[PDB]
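Take a look at this single chain, the form solved without the partner chain, given in structure tokens.
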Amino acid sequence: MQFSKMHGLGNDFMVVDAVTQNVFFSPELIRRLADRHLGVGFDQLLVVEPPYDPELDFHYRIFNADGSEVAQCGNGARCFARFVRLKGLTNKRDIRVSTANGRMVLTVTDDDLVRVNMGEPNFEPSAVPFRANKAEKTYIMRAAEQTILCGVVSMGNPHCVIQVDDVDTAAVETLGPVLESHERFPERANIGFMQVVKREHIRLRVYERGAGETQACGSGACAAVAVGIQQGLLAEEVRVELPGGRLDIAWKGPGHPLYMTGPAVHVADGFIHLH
């Protein structure tokens, strides 16, 4: 089976064209292939399929390293869009695709970055889920000794965004775990540490739900900007610098979808003899 290795800022995928070859998986085979030593090695598997509705260009689905299907808006979208072009499955720049989360259009920019519609940020505490009295722009939380001021928002997944003086001195490793499975987040949360450089530029570190700190969390970048916009700190177009590189978020505010633009890197192609 042909595959490609790709990443969106360190988030790695095995990407497989299921249009021009037969692609067969079991949960067990995915687990074996994901193994860094025994297999190809990847966080997630991205399968690119022909469309099942004639109004679309493709369908894609994503499995995690455990072999089960993942349904998170925007997950794998940038690698998806560059893959179909690099493989010559399409030469379209605006690509209509169905996913586990519905349909969307992806756009590949003049600089070969990909723009993803991430939907409208949902600040309703029950949608997070977050235990609170009601939606507020800023909440008070306790992390043992410390008083934390944060915003909270859903991007399809839960985020807790804390403003910091300097991401490099932020106490990610000690505050992250505490907030990540705080009692007030029944389904845990991604914890963002956001430094506002100016209205159009932040630096961000993210302690991810069930993973701790990684090089880049795209939905966390979305959340931190949505929260900074709602707190009146940020303009409607914001550059986000994560440890793994740059994203740009555009959001005109409540009533609007939020857009995330970023790179996807094609690392290598390969073949695995599966018979």
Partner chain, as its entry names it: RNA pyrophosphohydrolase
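Numbering follows the first chain given and starts at 1.
Engineer: When the C-alpha temperature factors are averaged for each of 207-215 and 225-233, which stretch ends up with the higher value in the entry?
Structural biologist: The stretch with the larger average C-alpha B-factor is 207-215.
Engineer: Looking only at CA atoms, which has the higher mean B factor in the entry: 140-148 or 84-92?
Structural biologist: Higher mean C-alpha B-factor in the PDB entry: 140-148.
Engineer: Have a look at 181, 195, 190, 154 and flag the one whose Cα has the highest B-factor in the entry.
Structural biologist: Each of 181, 195, 190, 154 was compared by C-alpha B-factor; the highest is 181.
Engineer: Choose from 159, 201, 115, 131 the residue with the greatest Cα B-factor as stated in the PDB record.
Structural biologist: The C-alpha B-factor peaks, among 159, 201, 115, 131, at 131.
Engineer: Ranking every modelled residue in this chain by its Cα temperature factor as given in the entry, which third contains residue 175?
Structural biologist: Within its chain, residue 175 is a highest-third residue by C-alpha B-factor, going by the deposited values.
Engineer: Split the chain's modelled residues into thirds by Cα B-factor; is residue 274 in the lowest, middle or highest one?
Structural biologist: Highest third.
Engineer: Based on the entry's values, in what third of the chain does the Cα temperature factor of residue 43 lie: lowest, middle or highest?
Structural biologist: Answer is lowest: the recorded C-alpha B-factor places it there.
Engineer: Ordered by C-alpha B-factor within the chain, which third holds residue 220? Give me lowest, middle or highest, please.
Structural biologist: Its C-alpha B-factor belongs to the lowest third of this chain's values.
Engineer: Relative to the other modelled residues of the same chain, rank the CA B-factor of residue 74 and answer lowest, middle or highest third.
Structural biologist: For residue 74, the deposited C-alpha B-factor lands in the middle third.
Although it is not shown, the form deposited with the partner chain bound is what the next lines describe.
Engineer: So if I measure heavy atom distances to the partner chain in the deposited complex, which of the stretches 140-148, 113-121, 89-97, 199-207 falls within 4.5 Å?
Structural biologist: Within 4.5 Å of the partner lies stretch 89-97.
Engineer: Under a 4.5 angstroms heavy atom criterion, identify the one residue in 65, 56, 233, 70 near the partner chain in the deposited complex.
Structural biologist: So the residue touching the partner chain in the deposited complex, by this definition, is 56.
Engineer: Between the options 51, 245, 212, 27, which residue brings a heavy atom to within 4.5 Å of the partner chain in the deposited complex?
Structural biologist: Flagged contact: 51.
Engineer: With the partner left out here, which residues of 1-16 have a non-hydrogen atom within 4.5 Å of the partner chain in the deposited complex?
Structural biologist: Contacting residues: none.
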